[PDB]
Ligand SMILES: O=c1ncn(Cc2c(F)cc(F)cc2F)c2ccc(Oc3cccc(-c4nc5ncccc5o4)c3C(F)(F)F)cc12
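First comes one chain, alone, set out as structure tokens in the form deposited without the ligand.
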């Protein structure tokens, strides 16, 4: 059983694609070694196809089956609603890809009769037809990176695979409530996406302290999406089907699974057949939910197979953290070998073999880690940080070129307490946004895979919700964190942190000189910048402001939209 089959027709672009950065004063202002920064393109898709195309040998044992039955019994608890066409339409991102059938996301949100009548038609088809493979498009994705310390080798583009806009809206009607509700119900504490960054570090610490002699390790699968077998996707359906479901919801899930999720034909931008998928599609609604469940299940079973004791995992799609009781240095390494041997039998080998860790801080997952800092009162605070290379590289791209998804905004929101996000990112973009009249224009960003639409001037509020107000006061970051940040500036050619401090003094002055929510941006975001730091107090409409069901689940490649909060 092969993950993909190719006819030889190319993965084709729809427009021109820029690779290298353009040299302009504003990006220079941030980053100097321009030629360290690249965007991916169609040209490398070939390469990506090679990494992602293989055969899958799966062998399931009793541990796996036991864990499934356990997961399923929890899933039996769920009652999931069928969404209305309207409800589902309003979950569609305004810039989601337009349909083959003469209407785009705008029309769907407007509930254009062409759109809703097509969607109704696509819905009925899921009820009438139970086997005909549903068309998907395959595209090379445009993502920006910094090149490897390994000379001049670049990641090839990733491949997105997604059904037409009308299918996608149906997917929401059928499966949205499921995909939002079930993972927590089945996986409890282990379900990553139920956690704000603050809550995620909380859970990791409390877990780490709850052990007598702790021992954590990160796991990650070489192309998880290709390792997802047809069987995996039907197992995953069997979990979903344990929900109380509307009859048409049950069939829709039944049809989507056979027709779309287990695989199907791949069409390119030009309309020709590239071939066939027998693994997970990156761009369906159930991708993140599927990946997480599948990973949780395979992982959980692999512990019991390697007799690790008191495992507590955190799962975010493909990304797996595990913290457990240690059996001694030499044992641990041997058990972790066996974990991997199990996962591999379940068709999920790792990129790089897990290595046991005896400090929580050295464990990295979802590209991020726990680091330590202190607040005003000097009492020691835990927060979530990241190697700033890729964030800064993208910040330099989105400065010198208009991007659909403003990644820098996402990172400030998410990594608000971190060193580099405050001193470099915040300063750089509030500088730009002030020069060009544009603090109030709402910008599109991406949190946990869902598209959000946020105004810069609501950042003190938002940051306070997620990380608390202490995220405006942290000051004594760990040596290793400062060492890592500093070495990253040297790599990309970013002016050392000293430099941003005055760029930021100027910068808190511009904002106080303007009142309103603009001023409390200056005051709160840049209290690290003045040497005569004033005190900070819980902002008014700044949590009890706007609330919702935001950070309750992930929708990576799931086409989900929240202007929420």
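Numbering follows the first chain given and starts at 1.
The same protein also has a form deposited with the ligand bound, omitted here; what follows describes it.
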Report task. Could you superimpose the pocket C-alphas so that the ligand sits on this ligand-free chain as it does in the bound PDB entry, and then tell me whether the site is open or blocked by the 2.4 Å backbone/C-beta test with a threshold of 3 atoms? Result -> blocked
Report task. Tell me, please, which stretch of 304-312, 253-261, 79-87, 469-477 lies within 4.5 angstroms of the ligand in the bound PDB entry when heavy atoms are compared? Result -> 469-477
**Report entry** Selected contact from 245, 324, 485, 122, since only one has a non-hydrogen atom within 4.5 angstroms of the ligand in the bound PDB entry
**Finding:** 485
Query raised in the report: Which one of 26, 509, 57, 497 is close to the ligand in the bound PDB entry, taking close to mean a heavy atom within 4.5 Å?
Result: 497
Query raised in the report: Hey, in the bound PDB entry, is residue 422 touching the ligand, heavy atoms inside 4.5 Å?
Result: yes
**Report entry** the ligand contact in the bound PDB entry: residue 489, any heavy atom under 4.5 Å
**Finding:** yes
